[PDB]
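Novice: below you'll find the sequence and an experimental structure to go with it.
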Amino acid sequence: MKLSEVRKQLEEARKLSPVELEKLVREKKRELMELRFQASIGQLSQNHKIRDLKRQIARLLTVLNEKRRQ
RNA sequence: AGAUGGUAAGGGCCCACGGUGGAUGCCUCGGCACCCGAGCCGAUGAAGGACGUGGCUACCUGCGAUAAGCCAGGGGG
Ligand SMILES: [Mg+2]
Ligand SMILES: [Mg+2]
Ligand SMILES: [Mg+2]
Ligand SMILES: [Mg+2]
Ligand SMILES: [Mg+2]
Ligand SMILES: [Mg+2]
Ligand SMILES: [Mg+2]
Ligand SMILES: [Mg+2]
Ligand SMILES: [Mg+2]
Ligand SMILES: [Mg+2]
Ligand SMILES: [Mg+2]
Ligand SMILES: [Mg+2]
């Protein structure tokens, strides 16, 4: 995923409430599973999308953790 | 009547060239000694591990279900 898009994901991410974050993760986590399935049947040529989503879920959770910790 | 050479089944010594084998010289990502710097870690769960972790991954390295990585500051180009 693009550098600029990362920064953009973070800005909008840091504006969410934990619940919105929790909900957002669950969907991107669901999208990861959808990706894995098509990856299974050789129907995902844009395979970089898998690594990409994994780190989004990472970046979200990191921020979810940010929200809670002080 | 007498006498003396060509035979090499195979073998021996020398010479040429190969095979095998990995000495020798050169080489060094490693080691060895001395000197200096530096010296604790852990229930806020250590040292050391197990099992996992990649779109395709046997192993090593890294990492821990956020899993060859996540956030921020500094360095760099
Ligand atoms: Mg990043
Ligand atoms: Mg004769
Ligand atoms: Mg002969
Ligand atoms: Mg013969
Ligand atoms: Mg002889
Ligand atoms: Mg020879
Ligand atoms: Mg020499
Ligand atoms: Mg000393
Ligand atoms: Mg020490
Ligand atoms: Mg350990
Ligand atoms: Mg688990
Ligand atoms: Mg920087």
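Specialist: The structure has been received and is ready for your questions. Numbers count the residues shown, from 1 in each chain, chains lettered A, B, ... in the order given. Ligands and ions are numbered 1, 2, ... in the order given.
Novice: tell me how many other residues crowd the nearest residue to residue A:68 once chain neighbours are set aside.
Specialist: Spatial nearest neighbour of residue A:68, excluding adjacent residues (CB to CB, 6 or more residues apart in numbering): residue A:18 at 6.6 Å. Bear in mind the C-beta positions are built from the backbone N, C-alpha and C, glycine included. Neighbourhood size, residue A:18 [other CB atoms under 10 Å]: 13.
Novice: and the most far-flung residue of chain A relative to its centre, how far from RNA strand B?
Specialist: Farthest-out residue of chain A from its mean C-alpha position, per CA atoms, centre = their mean: residue A:70, at 23.4 Å. For residue A:70, the distance to RNA strand B equals 13 Å [CB to the nearest atom of the strand, to the nearest Å].
Novice: before we move on, the earlier item: in contact with the residue nearest to residue A:68, which residues?
Specialist: By CB atoms under 8 Å, 6 or more residues apart in numbering, residue A:18 lies in contact with A:64, A:67, A:68.
Novice: the residue farthest from the centre of chain A and residue A:31, how far apart?
Specialist: Remark: distance between residue A:70 and residue A:31 (CB to CB, to the nearest Å) = 30 Å.
Novice: wait, does stretch A:4-19 contact RNA strand B?
Specialist: Yes: using CB under 7 Å from any atom of the strand, stretch A:4-19 reaches RNA strand B at A:6, A:7, A:10.
Novice: ok, and for the longest helix that chain A contains, which residues are buried?
Specialist: Ranked by residue count and defined by DSSP state H, the top helix of chain A is helix A:18-40. Buried residues in helix A:18-40, counted by 16 or more other CB atoms under 10 Å: A:21, A:24, A:25, A:29, A:32, A:35.
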